[PDB]
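Residue numbers (this note's numbering): 1 to 115.
We put the CB at the ideal spot given by N, CA and C, even for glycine.
One structure below.
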Ligand SMILES: [Cl-]
Ligand SMILES: [K+]
């Protein structure tokens, strides 16, 4: 009968989006997935509300690249045959790219179930 919220810290992952290196994390309130290009002192160039995320995919282990792919809910007036918005982040920490991908994946999946 208790209620439990997740308490794992929010990770800051070194990731490439559209060929530029950056940082992938969540906002402190865990309601948006955000990517900011390096140096990460400007605002994020990608904000994905978790309320709008419909799918989370990854490249399998042993792949050339560690990438998570996030699929979103269709835009309001998108055409009925169009593919839904997708956002790929390549993990580029030389030793920890997969571990970093699994951390974020696990935390996003926890947060997505709970909503
Ligand atoms: Cl791997
Ligand atoms: K990290």
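Check your understanding: Would a C-beta distance cut-off of 7 Å place residue 67 and residue 59 closer than the cut-off?
Key -> For residue 67 and residue 59, yes; Cβs fall inside 7 Å.
Exercise for review: Can you check DSSP and say which residues form a bridge with residue 89?
Suggested key: 68
Exercise for review: Rank 29, 50, 35 and 1 by C-alpha distance to the C-alpha of residue 13 and give the top, closest one.
Suggested key: 35
Practice item. Give me the Cα-Cα distance between residue 49 and residue 111, rounded to the nearest whole angstrom. Key: In a straight line, the C-alpha of residue 49 is about 11 Å away from that of residue 111.
Review point. What three-state label does DSSP hand residue 79 in the structure shown?
Key: coil
Check your understanding: Going by DSSP, what residues sit across from residue 118 in a beta bridge?
Key -> Since the first residue shown for the chain is 1 and the last is 115, residue 118 is missing from the structure and cannot be characterised.
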